[PDB]
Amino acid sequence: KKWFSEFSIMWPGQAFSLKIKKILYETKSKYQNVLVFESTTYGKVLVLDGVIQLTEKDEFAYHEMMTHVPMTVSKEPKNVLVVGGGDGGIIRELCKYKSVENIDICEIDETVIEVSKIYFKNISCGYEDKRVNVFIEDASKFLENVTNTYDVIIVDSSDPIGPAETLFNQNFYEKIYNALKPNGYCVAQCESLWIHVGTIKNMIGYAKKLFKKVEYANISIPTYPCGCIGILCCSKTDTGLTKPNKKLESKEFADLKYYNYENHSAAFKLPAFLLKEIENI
């Protein structure tokens, strides 16, 4: 049995590996190298440009926090946009909300969706939902053109190297701000506090140039580098994204595996050194 190893200049000097039960599918799409394998212990795994995007074992942590942090703070979210997110995990979580009337997903790589419909049927099951509409395009362009505004935008992107490069700059955050309702929120994947402080400071400074409250939360998830990933959390009101406005009690949420009301606000209590780095931005 072979192992998959995740090496990158974005985390020099370190690497995480998973043992491979069987390779299921590989291709070069228009944008990226796509790999799907059944791991021995983390179930099926999706890899893009040699970087792990999800595993069936842990995806609920990242999908649940990126979705339910903002969707419990937004009072009556009607219209939601997922940027990236072709696997459908964020959509799945979104569909549990009966009040949502529309979910747009802008994913640059349709291969990611199709692979997910084929190989990840419990992650991609929300594409059957009549409220979901799919747009295959660079979100940087989608957001320059979309006429609707959203109650929430969830930026479920890959890393800055690759097609997500257009998503980690001051310009993209202007577009997001413009595309949100006046009391709308955006959460975005915003890397690891252990090694990406320069990036975190940059993104925070980008968000703070527009949003009146910018917060950063941290998720434990073992298959992203350093075992955590942050949520850059952008609020147009002074009040922010640290306190949920509801609890998830209907039968659709009985299945939740990470998110709950308390660990929502916990995620925002950050390490001392991180607070000190970002305090003068």
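Don't overthink the numbering: it's just position in the shown sequence, from 1.
Of the two stretches examined, 156 to 164 and 198 to 206, the record assigns the greater average C-alpha temperature factor to 198 to 206.
Per-stretch averaging of Cα B factors for 22 to 30 and 240 to 248 places 240 to 248 on top.
As recorded in the entry, 261 carries the highest CA temperature factor of 16, 268, 11, 261. For the set 129, 87, 104, 137, the PDB entry assigns the largest Cα B-factor to 129. Residue-level temperature factors show residue 38 in the middle third of its chain, judged at the C-alpha atom. Placement of the Cα temperature factor of residue 110 within the chain: lowest third of the modelled residues, per the deposited record. For residue 172, the recorded CA B-factor ranks within the middle third of the chain. Only modelled residues enter the ranking. When the modelled residues of the chain are ordered by their C-alpha B factor, residue 95 lands in the highest third. In the PDB entry, a CA B factor belonging to the middle third of its chain's modelled residues is recorded for residue 124.
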